[PDB]
Amino acid sequence: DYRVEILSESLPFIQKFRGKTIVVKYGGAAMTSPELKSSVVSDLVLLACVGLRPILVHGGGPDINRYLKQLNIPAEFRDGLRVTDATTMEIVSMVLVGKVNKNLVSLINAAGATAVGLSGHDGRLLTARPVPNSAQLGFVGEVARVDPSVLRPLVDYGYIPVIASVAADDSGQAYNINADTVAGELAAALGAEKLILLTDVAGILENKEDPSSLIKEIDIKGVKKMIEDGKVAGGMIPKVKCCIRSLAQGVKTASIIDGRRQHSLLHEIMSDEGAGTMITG
Amino acid sequence: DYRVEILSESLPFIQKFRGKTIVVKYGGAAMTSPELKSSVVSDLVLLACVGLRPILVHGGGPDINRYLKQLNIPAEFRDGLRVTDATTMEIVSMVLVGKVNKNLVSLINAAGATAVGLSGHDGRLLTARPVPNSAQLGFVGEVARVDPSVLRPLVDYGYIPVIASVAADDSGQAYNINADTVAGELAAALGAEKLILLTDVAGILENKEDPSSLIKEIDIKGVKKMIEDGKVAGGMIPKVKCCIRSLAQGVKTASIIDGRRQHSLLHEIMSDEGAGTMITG
Amino acid sequence: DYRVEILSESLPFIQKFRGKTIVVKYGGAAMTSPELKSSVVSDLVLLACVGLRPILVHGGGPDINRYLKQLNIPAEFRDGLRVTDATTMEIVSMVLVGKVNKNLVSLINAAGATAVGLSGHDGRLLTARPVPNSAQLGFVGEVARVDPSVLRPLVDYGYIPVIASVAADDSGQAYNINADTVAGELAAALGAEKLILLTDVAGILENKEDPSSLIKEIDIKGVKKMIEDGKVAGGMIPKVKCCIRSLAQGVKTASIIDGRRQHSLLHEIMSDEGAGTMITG
Amino acid sequence: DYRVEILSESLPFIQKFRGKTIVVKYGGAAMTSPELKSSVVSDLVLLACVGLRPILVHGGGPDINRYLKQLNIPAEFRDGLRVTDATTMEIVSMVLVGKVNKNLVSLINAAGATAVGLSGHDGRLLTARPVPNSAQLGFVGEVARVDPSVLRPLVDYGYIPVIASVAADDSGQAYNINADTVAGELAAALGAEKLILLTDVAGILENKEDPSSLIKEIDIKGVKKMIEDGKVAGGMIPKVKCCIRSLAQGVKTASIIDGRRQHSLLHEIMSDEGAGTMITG
Amino acid sequence: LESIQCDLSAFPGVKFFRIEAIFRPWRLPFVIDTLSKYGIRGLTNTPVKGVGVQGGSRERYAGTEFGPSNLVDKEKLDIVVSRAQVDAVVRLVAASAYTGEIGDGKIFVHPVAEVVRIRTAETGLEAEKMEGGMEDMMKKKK
Amino acid sequence: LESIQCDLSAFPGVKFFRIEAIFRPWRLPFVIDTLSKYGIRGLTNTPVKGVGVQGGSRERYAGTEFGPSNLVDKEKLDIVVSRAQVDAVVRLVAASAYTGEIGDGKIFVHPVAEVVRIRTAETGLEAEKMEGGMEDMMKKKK
Amino acid sequence: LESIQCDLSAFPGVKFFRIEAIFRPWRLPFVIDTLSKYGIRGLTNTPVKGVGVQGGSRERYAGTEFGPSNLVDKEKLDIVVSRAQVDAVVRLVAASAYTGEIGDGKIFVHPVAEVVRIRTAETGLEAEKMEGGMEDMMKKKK
Amino acid sequence: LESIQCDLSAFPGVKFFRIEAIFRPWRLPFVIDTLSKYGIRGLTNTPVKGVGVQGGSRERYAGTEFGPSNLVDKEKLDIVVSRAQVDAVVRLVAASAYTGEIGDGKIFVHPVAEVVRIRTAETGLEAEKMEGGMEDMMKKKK
Ligand SMILES: Nc1ncnc2c1ncn2[C@@H]1O[C@H](COP(=O)(O)OP(=O)(O)OP(=O)(O)O)[C@@H](O)[C@H]1O
Ligand SMILES: Nc1ncnc2c1ncn2[C@@H]1O[C@H](COP(=O)(O)OP(=O)(O)OP(=O)(O)O)[C@@H](O)[C@H]1O
Ligand SMILES: Nc1ncnc2c1ncn2[C@@H]1O[C@H](COP(=O)(O)OP(=O)(O)OP(=O)(O)O)[C@@H](O)[C@H]1O
Ligand SMILES: Nc1ncnc2c1ncn2[C@@H]1O[C@H](COP(=O)(O)OP(=O)(O)OP(=O)(O)O)[C@@H](O)[C@H]1O
Ligand SMILES: Nc1ncnc2c1ncn2[C@@H]1O[C@H](COP(=O)(O)OP(=O)(O)O)[C@@H](O)[C@H]1O
Ligand SMILES: Nc1ncnc2c1ncn2[C@@H]1O[C@H](COP(=O)(O)OP(=O)(O)O)[C@@H](O)[C@H]1O
Ligand SMILES: CC(=O)N[C@@H](CCC(=O)OP(=O)(O)O)C(=O)O
Ligand SMILES: CC(=O)N[C@@H](CCC(=O)OP(=O)(O)O)C(=O)O
Ligand SMILES: CC(=O)N[C@@H](CCC(=O)O)C(=O)O
Ligand SMILES: CC(=O)N[C@@H](CCC(=O)O)C(=O)O
Ligand SMILES: NC(=[NH2+])NCCC[C@H](N)C(=O)O
Ligand SMILES: NC(=[NH2+])NCCC[C@H](N)C(=O)O
Ligand SMILES: NC(=[NH2+])NCCC[C@H](N)C(=O)O
Ligand SMILES: NC(=[NH2+])NCCC[C@H](N)C(=O)O
Ligand SMILES: NC(=O)CC[C@H](N)C(=O)O
Ligand SMILES: NC(=O)CC[C@H](N)C(=O)O
Ligand SMILES: NC(=O)CC[C@H](N)C(=O)O
Ligand SMILES: NC(=O)CC[C@H](N)C(=O)O
Ligand SMILES: [Mg+2]
Ligand SMILES: [Mg+2]
Ligand SMILES: [Mg+2]
Ligand SMILES: [Mg+2]
Ligand SMILES: [Mg+2]
Ligand SMILES: [Mg+2]
């Protein structure tokens, strides 16, 4: 019976964010399982049905890494960013757009909603430029422009967008862009209310060896000191960075949460506690 | 925590009726009780947030009777319909529209949604004609026409409509129309998916003395044989007539449920079991 | 024959205000008769057919007073405003919305146009707040907000709005607001061209005992001195006040005219003389 | 100078197909060659500028084979269709969508137009089902449904759609669909005027040994007798089947042309002669 | 209802009849499914409007009540079948469209002279017969 | 016109006929009212398009002139009645649709074998008869 | 196809028949032109939807594949002609609609009792005959 | 920056200054609220666009990066105050607009000669002073 009286209790939470845009980035690393994966899409679909306007940005570094091993291609990361030569770029685009992006679209469609998967090339949604030390990193990109024109009619027609983090410069050259970075600029480009980063840790950790050292809430000055002090590192760097860049452009909140906790996305939005580290201040 | 894993479990129910219209009649018991009152508006507001398009039609015979006693022109009823002279008509419109309708609008507005209360005169939503027994009942009306034009833009703008069961003929004379009838014809006029009637019983029983003889679901031919065979009777025969008339005009389902129970409207929609007797075409 | 050559002569007058919004307040006191009443609705319908966009705001103090006598409830006015306890508030809403508002809607519908009657609660058209000396006056309201969203689609669809002067604060409590006041703020909220007040006197009178002491035209400094000097009084105070408040917010003219003169509304607009006192300056 | 008197001479050809949809399949030879590549995108872009509404559908069997060799899971074909297990399916989607599709989008964007690359999953543009011979081919799909909703707003906004021939069934399983088939059913779904297939031959010959025995134009009954009578055969019989299936569903014309030649697509449209075999209803 | 019997006695010799049913638009899918379950899968739908005024009652559609002169929406279904199948088909349509209220519908039966399938040029019995249809289902049941 | 006579002599025995009239769309309400005044209140309307090209003249619709191959809008009315009522019904339709210009319309009469009312399961004469209808009006006039 | 022969032997005496053809919507203009070239210029079009499910195959319309219970768009053409012209007209429609794929269409032939031209009150042969039509063209060829 | 000090030493004698602040649009409400809490409630907003290109870096707005010659949206606030209040107001705006990133904004201070309130015709100190404002709040705090 009374499993209804608990649906009732969620009204205030649903009302609070009715109508608002929410950019969710699904970490490649949180994609540990066909079933976890489908719990995340369930959560997205629920948010859409209930009146929020969610947008999925995904990564896929491990899926990429697995194909690089199979094809006998060495891999490198520097401060959370993949060194990317021409050959590797082609593989990146192949896995992110041709495997991950469609795997997710495919799942949403089968959950009774409808998705559209786009890369930055599609409708010129993103324009890339190189990074200063491509010297070292090769074809790694920074986001020069976001043109969200193409998303307007898709959201109007009710489709959920699913975005892959590759794009080209104006001359037509492909670049590999860290998915956190794309998520954050896309959020700013749409004046979104929230940016939410689902990864494979509880949140940001005081100290990365200890999973109970979760920081529940933190401001910008604080988290910048953490990057200096050396406390965030590798792939958590472009995570925190993209939160800061985003907040500074007007996104009201940004959170980092565990993708592999059942229904982490829902806990984060539909409760006061939240489900990881929230940034602002 | 668990409050969330149970919100998640409602997705299927939310998806099933997304976008569909639902005419709900509120009356009798549920209407006096303030806890059932605000618990019924909470249910409406949730259904709208979650994607259904609900419409409230209300009654108010008990509050009408109070004013008639005060004015020493006490109620007179025949077979559940109020005998309505010109003086009484004016009091009926005064209470239904100017007290009940606005009380309900007022509550919904304060629950963070936005309502618009209409009578049948407004936008010519309803056109009445004298009932077959005018000669005894006076100004009691049958519904001659429904024009839902005026509701199209109000549902588009997101307003929740709240309807009071009075109207006029073309010559401009007011009539008192039974609110179950208005709810049923309105549902048919909109092609609604459901018509739901809050009453003061469990719904329809095999045998009226035993309250555990609830019929959970039943079709037209089945419920007609029940009237013929006597096995339900009384204050229920009219209610069942307006369900039949409604279903035969294309309404997909019609349920009679126990307005006495907390959150009855939610149980009926967000569960397989339901919260009364359902009647299909 | 030549009763056409006089229709021709009205072209300049019709052209002058083509397309403009005109808020007309129908005084409860001008509602002396089924037939006068219908001459006023005729005039509204004509204005609509001929290209103006009229909006009706009505009062109803005598209809209210009559029910208060019947129900044995004492009545009081202070400086033109009704002392309003909870019981009286309920009666006010009952008569204004459930009797007067629908009587007028009903009449317009029967004159071949279509009306929609709204109170301030409907679509949150008005938000009230108490008045500083509710101390004395009880639930009497000042207009805190006007949100005309709900009127936009109704005028678009061609409906004539008919507005009753009750509303609620944000907490959902009802308030009784003087209909002149509502008319004037509604006019400002819509940038209306004109506000026209139909009452039961020739206009504003030099001296209220003498009906030939009509002031034909007067400016703000002048009419304010009249309120001080004591020359306007009782129910003529919130009449003049609401003209001033309205003009100051950008309404170009405001007039006070006799509701019981056949076709007073028409004379006021379709002639240079006018049909009462005009305010500006 | 003269460059102009010859642009003038194309007016009739431009006018004839103004506003009409045109599904073009790009494959095989033309696709490897970079000069034929960019010369085919130049032709598309011109047709869009000039007023036709073109749609690109591409193949990519040669690039798929390259990756399969690299991964020691070499291609297997029966009657022109690729045997496709789950592993192979993933590689097919990876290459078609993540490499070829985006390479083409990328080129068009850099040629001063704007493309949007879709697979059949995106917007549920295509729904697949197992092909009659699944038992041998595994995950090879026939087109069960086309839903072109998602293309309406993209053509309205002026985007050029570029389609990759993979999709899913309703249960969410991916299938590999032959790109000629997708082009043909898509044309029928849109009521296109033309379907054009870039192949590696002159089109259809009287007698396969002689290449000057090109049939310039032919109707259905005529081309069916040709299959019956053996006079064309081989890799051409399927191509001709998808033309027939397309024409019978309302596509006005279908041509098979020599993708080997520079600017073949332009010759076919901007000249009477054409650039291969045309087949009418 | 499940035992109506049509009178074809003015058309002896005639092999084919057209069952033309006119009923409530929202019944259309239930009728078509019923006919499909029983092997009737050659049929033609036309949306139409009509009037069926008996006495002074007034039928109720879209919540409003229609009388003399007011066209009301209906769906029509034309089904051509062989003489033997007529009573059965009539019964299925009647039963699945039925509600009990005025405006439920009318069924008319018309004689047909010839049937031709365009794809194959088949005529008569060969043209009217559908693979997997009522006839075949009864042979599989026999 | 008010004395047309249809030839039903190739259908002896047959009790019911379908009067199918095709005419100008703006006539529809006048035709339906005429039939209602005279007790015909069971009828079915379908909007259609047609061609009726005699010689080389060209009919005029929506201010423009249509010839061979150009479909032009018409309204169709199907009325099933009993043998006795056929000539009268044909005359009413003809008379009320008439204007005098080409494209005025055509009327066809078809044999019908059976009539069934779904609500009641009535057949034949009982199904075809309408309470208050032409038949009853003539008995009230007798 | 160009030599189909309809069986009218259950309708001896009958002078007029209705050829009712149901086929693919995009064929409509080719069919109408073919009939015009040959002197058939009195015809009526109705857009309709239908089902023609043989076995377990599924017809393909708008790129998608329709089976049992899925209505698919078709265009219908009703042509009333005199007995002599029936086989010829059937052949023309069949031939011009044909493609070879399932869902190509069906043709039905129905008996007709009377024909009336509203403008003139002509009946029977005079009403059915069209100036410039097939009949006249054959007399000009004779 | 909690302790910025403006240089008004070229304007001895001057009683009034206009503080003109140009910053990020989404900061507008936080800046207005901070000023309201401290008693600044006379201010004027104008949406503008600007350029502030230092070196070869490029500020980031709406996800995209803007350099030389690309206007970028900002909100402007003009606040006229008396000499004593200038440093405080400048510090409040700076502190509440701040984010740390390029394009955060600039504040300019300008001399003002006279202030007039239209409703009352008050001038100077009387016109600039607001009831319930900073000045009055400091007297209640004293
Ligand atoms: N004689 C008739 N000829 C042509 N169409 C008819 C005839 N009778 C009925 N129809 C068509 O059938 C529809 C349904 O008729 P309806 O169900 O009203 O028949 P009825 O005889 O009045 O039975 P009921 O009394 O149950 O209403 C009408 O709206 C009309 O489309
Ligand atoms: N033989 C026919 N078969 C089917 N439909 C017909 C036939 N003749 C006419 N129609 C239909 O009737 C409509 C009206 O025909 P129309 O009034 O043109 O007939 P007509 O014989 O040419 O007489 P008129 O010379 O007065 O025009 C046509 O548009 C078509 O819908
Ligand atoms: N017995 C029938 N009665 C009524 N309408 C029919 C019948 N058979 C076919 N139709 C109509 O004809 C259309 C075309 O039928 P279709 O071409 O599918 O016939 P078929 O017998 O299945 O031949 P094919 O096997 O070539 O498809 C259907 O969509 C329907 O509108
Ligand atoms: N010298 C100036 N004159 C007029 N307006 C200016 C001037 N400098 C800046 N602005 C305005 O102020 C806005 C913000 O300037 P901005 O924040 O870029 O200052 P800046 O000098 O580059 O410092 P920062 O390095 O923090 O970017 C500009 O977009 C422009 O609107
Ligand atoms: N202080 C920290 N707290 C949490 N994680 C950290 C910290 N410093 C580094 N990390 C690492 O950063 C990674 C962030 O994810 P990354 O590897 O880019 O994955 P994704 O982007 O797919 O979530 C975590 O898996 C964790 O191992
Ligand atoms: N100087 C004045 N001129 C005209 N009327 C006045 C004056 N002073 C007071 N009044 C009174 O003000 C009343 C205004 O109407 P009120 O009683 O509120 O009625 P309503 O608002 O229904 O028109 C008039 O009926 C009149 O008796
Ligand atoms: C004509 C007629 O009977 N009108 C009713 C309308 C109220 C209603 O229908 O609601 P309850 O379920 O609360 O009674 C009345 O006059 O009382
Ligand atoms: C199922 C199947 O055969 N799929 C093809 C799709 C590519 C194509 O169709 O294009 P080309 O003309 O360049 O070969 C494949 O797997 O190779
Ligand atoms: C440059 C870079 O690090 N790109 C990421 C993109 C995917 C992700 O963010 O998960 C990569 O792993 O290649
Ligand atoms: C507060 C107040 O005076 N309300 C008015 C409202 C009606 C009117 O203005 O005529 C009253 O009479 O109660
Ligand atoms: N530590 C956290 N994650 N807090 C999140 C705040 C939760 C709140 N529902 C929000 O969306 O703003
Ligand atoms: N016994 C019932 N009334 N059940 C109602 C059906 C269940 C479902 N929630 C619905 O509204 O369709
Ligand atoms: N004393 C007056 N009432 N003057 C009214 C001015 C008349 C003019 N028709 C107007 O609407 O502006
Ligand atoms: N042989 C050919 N394919 N000719 C094509 C026809 C010519 C014309 N440009 C067209 O597209 O219609
Ligand atoms: N209309 C139809 O479906 C006819 C079916 C055919 N008589 C069969 O049974 O095979
Ligand atoms: N189509 C009809 O209206 C038939 C009416 C019936 N013959 C009657 O006269 O009662
Ligand atoms: N339907 C028709 O076109 C009939 C034509 C007529 N039989 C003629 O040949 O003149
Ligand atoms: N801009 C302002 O608000 C000036 C405030 C004024 N100096 C006061 O403190 O009263
Ligand atoms: Mg990462
Ligand atoms: Mg008053
Ligand atoms: Mg009927
Ligand atoms: Mg003609
Ligand atoms: Mg078929
Ligand atoms: Mg700068």
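Protein chains in written order, with the authors' numbering: chain A, 17 to 297; chain B, 17 to 297; chain A', 17 to 297; chain B', 17 to 297; chain C, 3 to 144; chain C', 3 to 144; chain C'', 3 to 144; chain D, 3 to 144. A prime marks a further copy of an entry chain.
Ideal Cβ positions, reconstructed from N, Cα and C, are used throughout, including at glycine.
Kindly identify the DSSP beta-bridge partner or partners of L214(A).
-> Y42(A) and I273(A)
Rounded straight-line distance, which links the Cα of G69(C'') to that of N47(C'') | 25 Å
Would a C-beta distance cut-off of 8 Å place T143(B) and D186(B) closer than the cut-off?
-> yes
Simplified DSSP state of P146(A), which is helix, strand or coil = strand
Please name the residue in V198(B'), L134(B'), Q152(B') and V121(B') whose C-alpha comes closest to that of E158(B').
-> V198(B')
Please check if any C-beta of chain C sits within less than 8 Å of the C-beta of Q87(C'').
-> no
Under 7 Å from any heavy atom of ligand 20, does the C-beta of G77(A') make it?
-> yes
Does any heavy atom of ligand 10 sit closer than 7 Å to the C-beta of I42(C')?
-> no
Alpha carbon to alpha carbon, how far is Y175(B') from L120(B')? Give it in angstroms, no decimals.
-> 14 Å
For a contact meaning CB atoms closer than 9 Å, what does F13(C') contact in chain C''?
-> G15, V16, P113 and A115
Starting from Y63(C), find everything on chain B with Cβ-Cβ shorter than 7 Å and list it in chain order.
-> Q265
Supposed contact pair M110(B') and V111(A) - C-beta distance, whole angstroms, cut 8 Å = 6 Å
Out of curiosity, what's the CA-to-CA distance linking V33(C'') and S11(C'')?
-> 27 Å
Under the DSSP definition of a beta bridge, which residues are partnered with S109(A)?
-> Paired residue(s): none; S109(A) is not in a bridge.
Quick one, which of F110(C''), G54(C'') and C8(C'') has its alpha-carbon nearest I21(C'')'s?
-> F110(C'')
Taking any heavy atom of ligand 21 as the mark, which residues have a C-beta closer than 7 Å to it, listed down the chain?
-> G54(C), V55(C), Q56(C), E61(C), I104(C) and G105(C)
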